[PDB]
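> I would like to see how this sequence folds:
(chains A, B, C, D, E and F, ligands or ions: 6)
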Amino acid sequence: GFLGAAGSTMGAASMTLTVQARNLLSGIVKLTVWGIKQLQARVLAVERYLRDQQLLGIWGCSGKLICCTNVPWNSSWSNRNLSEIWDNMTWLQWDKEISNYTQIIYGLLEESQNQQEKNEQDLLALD
Amino acid sequence: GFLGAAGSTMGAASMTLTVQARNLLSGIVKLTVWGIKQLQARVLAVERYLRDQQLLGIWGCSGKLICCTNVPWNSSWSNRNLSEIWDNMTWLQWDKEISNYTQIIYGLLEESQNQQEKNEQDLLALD
Amino acid sequence: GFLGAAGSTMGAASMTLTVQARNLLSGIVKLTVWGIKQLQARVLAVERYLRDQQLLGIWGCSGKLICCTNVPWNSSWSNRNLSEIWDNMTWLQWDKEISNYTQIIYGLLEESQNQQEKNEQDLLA
Amino acid sequence: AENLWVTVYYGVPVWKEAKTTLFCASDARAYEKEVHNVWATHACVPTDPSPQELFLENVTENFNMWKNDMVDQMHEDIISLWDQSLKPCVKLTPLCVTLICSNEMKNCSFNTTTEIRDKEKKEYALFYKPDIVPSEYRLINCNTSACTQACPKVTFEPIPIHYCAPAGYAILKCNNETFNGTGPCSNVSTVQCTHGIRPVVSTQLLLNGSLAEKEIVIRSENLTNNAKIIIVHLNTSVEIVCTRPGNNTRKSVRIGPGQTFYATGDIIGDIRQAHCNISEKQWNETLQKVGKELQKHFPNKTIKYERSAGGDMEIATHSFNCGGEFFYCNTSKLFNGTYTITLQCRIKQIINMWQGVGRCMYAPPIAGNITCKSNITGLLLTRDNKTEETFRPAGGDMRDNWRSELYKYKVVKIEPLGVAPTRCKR
Amino acid sequence: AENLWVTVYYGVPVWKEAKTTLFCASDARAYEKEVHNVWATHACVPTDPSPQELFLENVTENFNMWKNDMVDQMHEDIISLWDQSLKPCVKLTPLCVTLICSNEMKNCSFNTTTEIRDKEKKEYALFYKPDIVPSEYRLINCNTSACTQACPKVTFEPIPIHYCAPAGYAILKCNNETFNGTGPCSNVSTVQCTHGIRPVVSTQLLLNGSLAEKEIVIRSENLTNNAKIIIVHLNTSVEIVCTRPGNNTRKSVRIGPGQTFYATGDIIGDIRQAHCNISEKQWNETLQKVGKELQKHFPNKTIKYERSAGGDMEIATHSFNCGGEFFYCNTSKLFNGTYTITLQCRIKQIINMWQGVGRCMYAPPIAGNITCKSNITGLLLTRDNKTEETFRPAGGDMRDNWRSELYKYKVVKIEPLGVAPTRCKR
Amino acid sequence: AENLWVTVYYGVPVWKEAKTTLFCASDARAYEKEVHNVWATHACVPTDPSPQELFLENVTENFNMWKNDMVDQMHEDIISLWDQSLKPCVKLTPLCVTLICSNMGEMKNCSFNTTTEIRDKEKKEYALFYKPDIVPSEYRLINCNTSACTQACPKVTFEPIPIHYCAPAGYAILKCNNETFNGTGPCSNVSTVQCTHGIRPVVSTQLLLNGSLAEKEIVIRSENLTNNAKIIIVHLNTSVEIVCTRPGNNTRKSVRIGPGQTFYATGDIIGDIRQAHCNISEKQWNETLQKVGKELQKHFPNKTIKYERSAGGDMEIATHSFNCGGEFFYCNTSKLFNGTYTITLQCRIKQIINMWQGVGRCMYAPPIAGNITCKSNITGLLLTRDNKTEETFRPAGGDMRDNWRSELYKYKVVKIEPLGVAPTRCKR
Ligand SMILES: *[C@@H]1O[C@H](CO)[C@@H](O)[C@H](O)[C@H]1NC(C)=O
Ligand SMILES: *[C@@H]1O[C@H](CO)[C@@H](O)[C@H](O)[C@H]1NC(C)=O
Ligand SMILES: *[C@@H]1O[C@H](CO)[C@@H](O)[C@H](O)[C@H]1NC(C)=O
Ligand SMILES: *[C@@H]1O[C@H](CO)[C@@H](O)[C@H](O)[C@H]1NC(C)=O
Ligand SMILES: *[C@@H]1O[C@H](CO)[C@@H](O)[C@H](O)[C@H]1NC(C)=O
Ligand SMILES: *[C@@H]1O[C@H](CO)[C@@H](O)[C@H](O)[C@H]1NC(C)=O
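Numbering: from 1, shown residues only, chains lettered A, B, ... in the order given. Ligands and ions are numbered 1, 2, ... in the order given. The coordinates are given below.
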């Protein structure tokens, strides 16, 4: 069910994860305001989903849902022990904690993906 | 050409498969009803295509066109022999035959991808 | 920055290549005409982008940004030396030259991916 | 096989019956696309559709017309476009004034406003008798609703418009020449955009439509039912000409702001009755052929044609829209026989759109004498041996005028994803 | 955890505060969805929403009703649909004419136009005194703006409409029965879209609304302020009945082109005063219970109820809209006490839309004596021991009627992408 | 190389100069964004665009102004938006009534019968109407011969707000930084822009007002100077201050018609009567005219140059016009243009204003109480080329488009299609 594990721990909510991806697009859906005021909502939903998918595509993880990646986890981003978060806290608490440092992670992650793309294609383009 | 093998056998229509998937988006395309009644069609076409692509991506087959999967084919879904369909039937007849049991297959696949990536995740993370 | 390497050589602008991919969708964005004329613009922005991604999907390169292929480069497509373009020419100059022969090489890749797909599919089928 | 595994194919060619909104594409070649032809570029794709190709082998699909979607979509589109066309201009409400008329055409005079609202002047104009209801007279519309003049720059000429399927659908066609309208058509072919369709409106016969390559076709739901309308496609057309030899004149009278209104002035020269001419040899030959064909479906009875059902003149007469003028011609002389010609005609200016649902229109008079040359291609009949033989022309619905062109066509929705078994493993 | 590595999870249950546009969804079962009920199928989705489920464990969210915004969207919807409904009908500007009246109901007569604008005739009709301002009289609207008749096929029946969230959002609900409106609610559950909300408009009471399962709730943002309006919820409803025993009659008078205007004819039979009946046993019990509950928040003072503030009759009187007619009933006898019944009433025809912002409306008279049966469920008070005890019925914005329902609900935006550490490595 | 293979790069920086529809972005700071400034938030993005940056190296492309897109889209936007603004108000059709007038020669005192709130009753009213708006003792309003007027009802303000034009998703805007750019030919100093600096959509004939100068000395622009028909557009190195006034202390009265549907008109002139005039500093004006003559002497080889009076014709074409606080001027420019290679100009005002393209609907600008001033910066001139005849220049105008094509000269629109094929050593 949708949001069926919104309160469970990080180790339990990480199961499935297909319900949260299927809902973001699907649904039931003279000149009248109903027209424009529904088409705007639909186009915003599509654009948000495509920004998310593109952002996954830049990191090489498109097609996957759980995607390992090469970027160190500096302890300054989390003083809490890294084996405790996975069976104690809810995902919301994690978002509240780590929403501060997001753009640093994304900016570093782009270049860390480039250091898997460029070298692998220079394996033959330069060799 | 588009729909150029709608009558041929399953083994013959399996060739190409780019024209019947490339056409689903492209095309030629004061307040007036023309505007709303064209934008609704555009957005519906886009949303249908994105639902198809997302459903292929949940099963791990995004990017592919012919994609093998690990789900057994119980004989109860087809009494007719499984080496005869590929050179006798037409895809229309196949759709009419199997459309009864489709949601079972989709439900099985939507979980049999998480089971697939469970091994990869445990190998590359749990170690 | 966007178009930050529009003038540099082919081997210099080949770095990054994500400023040009992250911009094609993002942005700031009673019945009035201003409503419709924005929705006409937005739907043509997303539909143009999906037509590009779908075209990389058939060629097998969806997810990739730099993607090798298996269609040889006949010398008739370019008399200019093939190790000189990568450190002398601007990407625009490359576009104006080889835009004549675009649909040939596109058509080959449309089948040269389905060709190896069949061999992969027939490896077990 | 020993053991198999599910496989997923994308881009499979399978379809389902669909229900969607079809675009409209014009076929103009000049500035007429922007000059409002009702169906102008202001409401449709400009021009140049693709050709039609891709015959399919071994396909079969069960067509039907009498429950088809395209006809209702086109009817609603036609009504909406028409209503959008008439709204911006006048607003003929000032003319609901007491008219003093004397003497087909009555010379009516009335008081009206000049550019200054506080001043008035007398004007005179000729109004046709059917548009007048009583030596004091008023227009018929003031009892019912306000009229709106069909202001200039609008042309009623039926240009052809191609219908096309939106992104993610396709159009299927029947190529079987003697396709009677129902049951599986095997010679199926795909179409991007339909052929040219002339959206004419005309009761008791069909004008400028599409013939059939093979011999005469007959179509209906259930010929055992006496009520349903038969639609006949002729193997070859017959040539019909209509004229209004009176050399009319138009005068403009202004009302309030810069808001004019045209009316028929005095008849220069002599007066004559508008009439239509049909070649009698071709008409007799075609009527005999249709009588020959009809004997097959009704087993070996005599067949005859009789005068129309009567009633309202619009239902009881054949009407065009020639040169921006509306006719009502008597077809009694046409239908008289068993298994040249001149028809008297009368014209109107106050037109209720012939669904009876559209709003009132005043068709402005057109100067000069009008000529209107057309190809008749189809007939509308209703089955009444002494009584089963007689056939009565009938009509009243504009839908049946178009269900004779959109009979070959069906709309399908693609379902590209499909699952099949074969040897596999991830 | 020796040296961990970033991992990216997509499709993860996290959310934020949101600002979006909700879709309504009617709940009709027949062609009433197409008969313009203002919120008909012309406005939004026809019917059949999904059930409401998915209780969430251990979640906590901090609701608020006074900072909420769903009521804002719905008020804008209310105004927009009202304007859209009144637009394509008259326009009673011809009636701003000198009226000669003689004797509540004054018999007024006036000159008007027949279908021919050059001719005129006398007509008579009975107009209610509050709609008339001076033996020469005119309608009150001509000083302010043009009226607009609520033409037939437009019904004010408050059908329930469900508010459903667009693609990519979700709606959260509070199940704590004693939820006072603010502070964290733990028994949270997800709803695709809300229970049926009857969009009535009334003043000094709530009609047909939603009760609360537990005992009487009292809600206000800041009770220490003497201006904030309390919105009480009764544990059990109180049955109310209203009637207009006079057997009225309607006559139609035509104006200009095809265009009509209904007005009250003569009173057939005897004349009687429209009244309302409230069961006094239940009313005294409920008033006593509400007094008992209010005594908690204000520390151990006496509590009394007194007559309304007064002023404009709309603000100073309870007002129905049921039966297609607008009432204005006096509540003086209803509020008298400390910690059956008959109410006299008067009706109006010229209605300013009760936000005080929409253009004037003429509610046409309805033939036959009309009854109307409702449920009182909530009260709108305002706090005035000798003066803190007194409570006055309150009246005000249209929103306060509906913030009485849309208080359990919250709108959350979901952004499912989360970064977590673990022993991953590519 | 020995043998190479096709490689596909996505995100390549290549473009094609194309067509599209660009948004409009306002630059407001308060509820003025919701007070109808014609081009307010009701038709444009609210405010706060991004800065303009990312200079590009070694780029070159051929610009052009006389076949540009942005001018036509701006013109259609102006026409449609203005028309949509004027619809939801009167409709002054009741005023096509026989006006009895008797004459200060500019203002005629007219009286007429009009309806009170009761349509069956009537009363007399009086108001002063300007003589150009009247056509003959009997008189009627000018518009009744042509079409119905439409009062520019209050809460709409004609003040030119700066609006930025921001390109939609996918496209981008390119700019010329060459200071002496003459409108055509390849500009090397290129820099992309997210969206345009503030453009004041003013309207004015025979001169330019409040527009953008050029940092270097005076520029001269045209299609083909060898052709005498084309209009020259000049950008001044520095502005010259201009002031316009209407010292008469007018008054406004309201007369009600039918429902609650008012109509304002000029009452009685309190105090004394004076003629509206404009003031231009003659020192700066002589200096600037001399400099423009010095510049124009270059393109035309070593001839004398002179300036003569306007071509004449319609007063709108033959006179500089304003919109100053809801009032429209028509000032004579004869004294300005007299020379070779302070000042006071008499002016007259109108109330019945047709769209100065001649294509929009009639408008009635309501009178504004109190004496009104209007302070502006002249920045560009519109001339046409007529040594005895090639020396004389004539101020010219009449087209709305030429007033904006002086400002959108630097800009171009490009479509990005980033998918490129290249050869290199590859294999799947
Ligand atoms: C119609 O009557 C008018 C008189 O009002 C007269 O001047 C005119 O000649 C008449 N025309 C005809 C055709 O009888
Ligand atoms: C007018 O009548 C003449 C002779 O009947 C005919 O030749 C001509 O074509 C008619 N006018 C038009 C426009 O058809
Ligand atoms: C109202 O007055 C009219 C006279 O105009 C009269 O005919 C009618 O009977 C009166 N009706 C009542 C109810 O007094
Ligand atoms: C009319 O009055 C009678 C008796 O008062 C009542 O029974 C009836 O219901 C009333 N009419 C309607 C429509 O309610
Ligand atoms: C204009 O004429 C009216 C007479 O209708 C008079 O009352 C008024 O004083 C006159 N005003 C002026 C400025 O002459
Ligand atoms: C009115 O005139 C005086 C003196 O001419 C001037 O100072 C004042 O600014 C004028 N009024 C306005 C609103 O400018």
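> tally up the residues packed near residue A:100, please.
Residue A:100: 9 surrounding residues under other CB atoms under 10 Å in any protein chain shown. Yep, even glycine has a C-beta here, placed from its N, CA and C like the rest.
> over to residue A:127?
6.
> excluding its backbone neighbours, what's nearest it?
residue F:425 (6.6 Å; CB to CB, 6 or more residues apart in numbering or on different chains).
> isn't that neighbour right up against residue A:123?
No - applying CB atoms under 8 Å, one finds residue F:425 not in contact with residue A:123, separated by 10.2 Å.
> what about the strands in the stretch 1-150 of chain D?
D:5-9, D:15-17, D:23-26, D:61-63, D:99-102, D:105-113, D:120-128, D:132-133, D:136-139, D:148-149 (DSSP state E, counting those that start in this stretch).
> ok, now chain A?
A:66-72 (DSSP state E).
> show me what residue of it gets nearest to ligand 6.
Taking CB to the nearest ligand atom, ligand 6 has its nearest neighbour within chain A at residue A:33, 41.4 Å off.
> list the contacts of that residue.
If you count contacts by CB atoms under 8 Å, 6 or more residues apart in numbering or on different chains, residue A:33 has them with C:30-31, E:80, E:84.
> got the contact list for residue D:46?
Taking CB under 8 Å, 6+ apart as the test, what residue D:46 contacts is D:25-26, D:28, D:33.
> out of these, give me the one that has the most neighbours.
residue D:26 (23 neighbours).
> contacts only, for that residue.
D:33, D:39-41, D:44-47, D:159, D:161-162.
> residue D:380 bridge partners, please.
residue D:231 (DSSP bridges).
> burial count for it?
21.
> that one contacts residue D:397, correct?
No - judged on CB under 8 Å, residue D:380 makes no contact with residue D:397 at a distance of 9.5 Å.
> number of residues surrounding residue A:50?
Counted with other CB under 10 Å, residue A:50 comes out at 21.
> which residues touch it?
So residue A:50 contacts C:25, C:46, C:49 (CB under 8 Å, 6+ apart).
> try residue D:362
D:92, D:147-150, D:349-351.
> how close does the closest residue in space to residue A:30 that isn't next to it in sequence sit to chain F?
Spatial nearest neighbour of residue A:30, excluding adjacent residues (CB to CB, 6+ apart): residue B:33 at 7.1 Å. Distance of residue B:33 to chain F, computed by CB to the nearest CB, to the nearest Å: 18 Å.
> name the SS class of residue D:237, please.
Following DSSP: H, G, I helix; E, B strand; the rest coil, we place residue D:237 in the strand state.
> that one and residue D:210 touch, don't they?
No - the criterion here is CB under 8 Å, and residue D:237 misses it with residue D:210 at 10.2 Å.
> could you confirm residue D:421 falls within a strand?
Yes - applying three-state DSSP, one finds residue D:421 inside a strand.
> that one reaches residue D:4, doesn't it?
Yes - look at residue D:421 against residue D:4 with CB under 8 Å: they come within range, at 4.4 Å.
> with neighbour numbers in mind, choose between the two.
A side-by-side neighbour count of residue D:421 and residue D:4, using other CB under 10 Å, places residue D:421 first with 20 against 17.
> what about the residue of the stretch 51-200 of chain D found nearest chain A, neighbour count?
Relative to chain A, the nearest point of the stretch 51-200 of chain D is residue D:80 (7.7 Å; CB to the nearest CB). Neighbour count of residue D:80, defined by other CB under 10 Å: 14.
> that older thread, any chance of the contacts of residue D:26 in JSON lines, plus distance to ligand 5?
Shown next, in JSON lines, are those (distance: CB to the nearest ligand atom, whole Å):
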{"residue": "D:33", "distance to ligand 5": "55"}
{"residue": "D:39", "distance to ligand 5": "56"}
{"residue": "D:40", "distance to ligand 5": "52"}
{"residue": "D:41", "distance to ligand 5": "54"}
{"residue": "D:44", "distance to ligand 5": "57"}
{"residue": "D:45", "distance to ligand 5": "61"}
{"residue": "D:46", "distance to ligand 5": "58"}
{"residue": "D:47", "distance to ligand 5": "62"}
{"residue": "D:159", "distance to ligand 5": "59"}
{"residue": "D:161", "distance to ligand 5": "61"}
{"residue": "D:162", "distance to ligand 5": "66"}
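> would you show me how to pick out the buried ones of those in PyMOL?
A single PyMOL command is used to select the members of the contacts of residue D:26 judged buried by 16 or more other CB atoms under 10 Å in any protein chain shown:
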select buried, chain D and resi 33+39+40+41+44+45+159+161+162
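> and the furthest pair within the contacts of residue D:26?
D:40 and D:162 (14.4 Å; CB to CB).
> ok, which stretches of the chain are helices?
I'll assume chain A. A:10-13, A:19-22, A:33-58, A:85-88, A:91-98, A:102-125 (DSSP state H).
> please go with chain D instead
Using DSSP H, helices in chain D cover D:70-86, D:141-144, D:280-297, D:313-316.
> among those helices, which comes closest to ligand 1?
That would be helix D:141-144 among the helices of chain D, by CB to the nearest ligand atom, at 21.6 Å.
> send the alpha carbons of the closest one over as PDB?
This file holds the C-alpha atoms of helix D:141-144, laid out as PDB (Å, rounded to 0.1, in the frame of the first residue of the first chain):
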ATOM      1  CA  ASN D 141     -37.500  35.000 -34.900                       C
ATOM      2  CA  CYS D 142     -38.800  37.600 -32.300                       C
ATOM      3  CA  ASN D 143     -41.200  35.000 -31.000                       C
ATOM      4  CA  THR D 144     -38.400  32.400 -30.600                       C
END
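> and the contacts of that helix?
Contacts of helix D:141-144 (CB under 8 Å, 6+ apart): D:96, D:133, D:147, D:350, D:360, E:115-116, E:257-258.
> if we go to 10 Å?
Contacts of helix D:141-144 with the rest of the structure, by CB atoms under 10 Å, 6 or more residues apart in numbering or on different chains, involve D:92-93, D:95-97, D:131, D:133, D:147-148, D:350, D:352, D:359-362, E:114-117, E:254, E:256-258.
> how about the contacts made by residue A:94?
Residue A:94 neighbours (CB under 10 Å, 6+ apart): A:10, A:78, A:80, A:85-86, E:12, E:14, E:418-420.
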